[PDB]
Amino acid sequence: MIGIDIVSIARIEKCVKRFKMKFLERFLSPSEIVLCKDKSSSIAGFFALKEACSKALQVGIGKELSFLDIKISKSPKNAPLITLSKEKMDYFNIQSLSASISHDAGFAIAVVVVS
């Protein structure tokens, strides 16, 4: 199955002025915060990727899937990797998740394919 998401980077930027940490720490774990390096476009991107993951599993971000249930990490070549909780991985019955991100000109977008 597939999920996709497009986010205004500027809209993320203005939500990063909502008690700063209060926003970020809702959807990014500390290690994911390290990955984005304070960069609004990278933050927009992880946000878009988590949304896209929730759409790909057809639940959205609710009480079946939290932002923090979705772990994003990077390959040695900076490729985005995505994993769910080992439990959630079984509850949704997932073999593999494939992800990608891009940004240009005020927009971030992400897409996820789930098996």
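Start at 1 with the first residue shown and count on from there.
Q: Hey, which bit's got the bigger mean C-alpha B factor in the entry, 103 to 111 or 12 to 20?
A: Higher mean C-alpha B-factor in the PDB entry: 12 to 20.
Q: Please compare 78 to 86 with 35 to 43 and say which has the higher mean C-alpha temperature factor in the record.
A: Looking at the recorded C-alpha B-factors, 78 to 86 comes out higher on average.
Q: Split the chain's modelled residues into thirds by Cα B-factor; is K50 in the lowest, middle or highest one?
A: Tercile = lowest for this residue's CA B-factor.
Q: Would you check the entry's CA temperature factor for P30 and let me know if it's in the chain's lowest, middle or highest third?
A: Bottom third by C-alpha B-factor.
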